[PDB]
Structure formats: C-alpha cells, structure tokens
Amino acid sequence: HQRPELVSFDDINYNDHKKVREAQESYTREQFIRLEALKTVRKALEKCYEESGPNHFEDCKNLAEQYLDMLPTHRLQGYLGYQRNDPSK
Amino acid sequence: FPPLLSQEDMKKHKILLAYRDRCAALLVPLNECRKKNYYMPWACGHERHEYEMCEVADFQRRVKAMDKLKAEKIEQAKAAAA
C-alpha cells in the first residue's frame, strides 16, 4: 500500500523533527528498495542456474557480473555525515 | 572418428565441460539410450563401445603427442652440449 514521500535528508536544517524522522524513514525505505532489487537479482540467478544445467558461461554470466557488483553496495544506511573532515579506512 | 564439433547443438544436448571435447556428439546416442533405458549395464553394449573406441583414438593421438614432446626435449638435451 502506502507510499510516503521522501524528504531529501540533507536539506531541512535539523529542528523540524517530524521532517527529520520522515527523512530517515525515507532513506531507510530506499535502502530496502535497493535490497529488494538485490533479492530480485538472486531469484533470477537461481532460475538461470537451474535452467542452465552446466551452462554457466551461457547467459548466466551477465547476471553474476552486476550481482557481484551490487553485493558490496546496497547494504547500510548510517548517517549522511556533516563534513567528512577526517577519513580513515 | 570424431565427426563434428557443433556448439549450439552441443548446448541443447545439455552436456558439460570435459565431456565437451572431441568425440562429444557420440554422447548423444549414449544418454538417449540411458534415459530411454535405465542406464544398467545391459542397456547399450554396441552404443557405449562406439564412443569408447572414439575415446581410445583420442588417447592414442595423445600418446603420439607425448612421443613428440619427449623426442624434442631429448634432442635439446643433446644439442645443449655443443
């Protein structure tokens, strides 16, 4: 059902706390959307595999390309940091 | 003799790598035996032996390649002394 409007978290000056909560709610929803896209990728990959038999290189590679591209991304939300003055790692 | 090297038939005849060699098409009479039969040893005496003898031919040409490689290395070991 319902579709809350995303707020663009970096734009609202951090006192209007309902907007801040709706921003972090929306950002976490966007995280879950890219996650569910990754789930779509895996459900496609299993069907390609069990149709393929031994046919990895035929038509199942190009799933695995953006699969192992998308997997180190699309995981966490954290917080959009203020200034990023000190990097590490 | 290995008759052919197809590729899309060799995909639709859903066979795997290291069976995807030469003499590969002769699995097509074999497995079509094995599922129409029940892949017992009293399933296909002739048809298994056909593919088996093709594999024997591949083995012997590999032995000839081994002969060539050993001959070249021994002749290099001869020539290196002068």
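Judging from the entry metadata, cryo-EM is the method by which this structure was determined, and 4.32 Å is the reported resolution.

> Can you help me understand the overall build of chain A in this one?
Along the backbone of chain A there are two helices and zero strands. The globule rule puts the C-alpha radius of gyration for 89 residues at 12 Å, and the 19 Å found for chain A is more than 25% above it. In terms of principal-axis extent, the alpha carbons of chain A reach across some 60 × 40 × 15 Å. Within chain A, buried positions represent 17% of all 89 residues. Here the analysis covers contacts within chain A between residues at least 6 apart in sequence; of these, 47% occur between residues at least 24 apart. Total accessible area on chain A stands at roughly 8000 Å², and carbon and sulfur atoms take up 51% of it. With 14 positive and 16 negative side-chain charges, chain A shows a spacing of 5 Å between the two charge centroids.

> Please explain the state of the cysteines as it appears in this structure.
Here a disulfide denotes one covalent bond, and it connects the sulfur atoms of two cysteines. Summed over all chains, the structure comprises three disulfides over all chains. Disulfide pairing places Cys 48 of chain A opposite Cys 60 of chain A at an S-S distance of 2.0 Å. What sets the handedness of the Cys 48 of chain A and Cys 60 of chain A disulfide is the S-S torsion sign, and at about -110 degrees it is left-handed. Taken as a pair, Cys 48 of chain A in helix 1 (residues 17-52) and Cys 60 of chain A in the loop between helix 1 and helix 2 (61-70) lie far apart in primary sequence, 12 residues in all. We note that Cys 48 of chain A, like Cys 60 of chain A, is buried. The residue that forms a disulfide with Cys 33 of chain B is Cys 44 of chain B, at a sulfur-sulfur distance of 2.0 Å. In this structure the cystine formed by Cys 33 of chain B and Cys 44 of chain B twists about its S-S bond by roughly 110 degrees; its chirality is therefore right-handed. Residue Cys 33 of chain B is located in helix 2 (residues 27-36), and its partner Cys 44 of chain B is located in the loop between helix 2 and helix 3 (45-79); the two are separated by 11 residues in the primary sequence. Each member of the pair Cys 33 of chain B and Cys 44 of chain B is classed as buried. When the bonded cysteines of chain B are numbered from the N-terminus onward, they pair as 1-4, 2-3.

> Hey, could you run me through the pattern of salt bridges in this one?
All names here are of chain A. The full count for this structure, using the stated rule, is two salt bridges over all chains. The salt bridge involving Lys 43 is made with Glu 46; its shortest N-O contact spans 3.8 Å. Taken together, the residues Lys 43 and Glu 46, both in helix 1 and three residues apart, mark about one turn of the helix. For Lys 43, a relative accessible area of 53% puts it in the exposed group. Residue classification places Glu 46 among the partly exposed residues on the basis of a relative accessible area of 28%.

Cut-offs used in this document
- Residues numbered from 1 in each chain as written, not as in the entry; some residues may be left out.
- Chains lettered and ligands numbered in written order.
- Part of a larger assembly, values for the part shown.
- Heavy atoms only, no water.
- Helix = DSSP H or I, 4+ residues; strand = E, 2+ residues; numbered from the N terminus.
- Rg over C-alpha atoms; globule rule 2.2 N^0.38 Å.
- Buried < 20%, exposed > 50% of the residue type's maximum accessible area, 1.4 Å probe, protein only.
- Contact = heavy atoms within 4.5 Å.
- Areas by Shrake-Rupley, 256 points an atom, 1.4 Å probe, with all protein chains shown as cover.
- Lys, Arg positive; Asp, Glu negative; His and termini not counted.
- Charge placed at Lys NZ, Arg CZ, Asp CG, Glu CD.
- Disulfide = S-S within 2.5 Å.
- Salt bridge = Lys/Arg side-chain N within 4 Å of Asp/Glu carboxyl O.

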